[PDB]
């Protein structure tokens, strides 16, 4: 009844402490949906895109520790918008296990500093809206301190953005997501 993709920022601007906090966040969300019919998929992005597991992969082995523990940081630039496009066009597709009539949810974890992306958010966000894709944004690092990165989290998040933008250290993201599903 819900298909949840994580899209995690692994650029070199994410320090190692923050990247581990992304893995722990992801893991805690998956553990909490364990007694439910939720399916998960994850992609890491920088200037390249690695699909760590598809919805089909999770179907066959729904172990958060099996899939999330070996994830290693990619480094490189930050192509968040192209990352969003590749999620809606490939990971939310039945070939990768996505169920029609499930609620589509994308959780983008980033420091809010897109760099090196030939796509702007205006090229990918309206398309994600036209697919059924509800977007949550989890900010790490300095994201909430600068006006540009704050704007970036607002631009990604579905609306009202205050029910979709959260910080990685709190449980508020997972509390809102549980309550909405």
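Positions refer to the first chain, counted from 1.
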Comparing 103-111 with 74-82, the one whose average Cα B-factor in the PDB entry is higher: 74-82
Mean temperature factor over C-alpha atoms, higher-scoring stretch between 158-166 and 15-23: 15-23
Out of 135, 35, 59, 67, residue topping the C-alpha B-factor column of the entry: 35
Where the record places residue 54 (Cα B-factor, split into thirds across the chain): middle
Ranked C-alpha temperature factor of residue 119 among modelled chain residues, by third: highest
Within-chain third of residue 125 by Cα B-factor, per the entry: middle
Where the record places residue 28 (Cα B-factor, split into thirds across the chain): lowest
Third assignment of residue 41 from its chain's C-alpha B-factors: lowest
